[PDB]
């Protein structure tokens, strides 16, 4: 389609289904998820969102990203910090895993930010809009399954306190995405990078699932 947002949606439909039908995620959806499992994804999200947001900050003033820069509304690093402190204790920093699939994702994010900032929007879209749209569904699953203490922390990641309405925000985001001017060369690269992002996720889930069964 003409609009980037639509083109991304449709171009990635295959990999997104593959991504949502990864075993780990399938079991997540069906309600089967363990504490160790949850601790792992949260640790992954941290590494990922640290890298992503590091590179967003690097390129926030560039024309190729500035229009989709919404720091207050989207930033996840902090909430992840809050959550990991809960899940892993005060020395979470030192004791959280950093598996090869996490490195591979972190690595790509940095190579994009440093040398292809024009593609960064692919990852921003993939992650933020994804987690926004599939958050609140995951979240509910997690609390029923993980049978948590009434300690009032652990799931901050699944709430974007500065976005009153998701639907309004998604539209505004898409609008801004589609405002981005780019050559057809770049546009296809961006579409591919989005597929890449889904794969990096897919392989990460395969990796986590492998670890959890051993």
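Residue numbers count along the first chain shown, from 1.
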{"property": "Mean C-alpha temperature factor, higher of 179-187 and 54-62", "result": "179-187"}
{"property": "23-31 versus 151-159 - greater average Cα B-factor per the deposited record", "result": "23-31"}
{"property": "Top Cα B factor in the deposited entry, candidates 140, 75, 127, 104", "result": "140"}
{"property": "Per the PDB entry, maximal CA B factor within 136, 82, 115, 99", "result": "136"}
{"property": "Residue 108, C-alpha B-factor rank within chain (lowest, middle or highest third)", "result": "lowest"}
{"property": "Chain-relative CA temperature factor third for residue 172", "result": "middle"}
{"property": "Chain-wide C-alpha B factor ranking for residue 166, given as lowest, middle or highest third", "result": "middle"}
{"property": "Among modelled residues of the same chain, the CA temperature factor third for residue 200", "result": "lowest"}
{"property": "For residue 145, the third of its chain into which the C-alpha B factor falls", "result": "highest"}
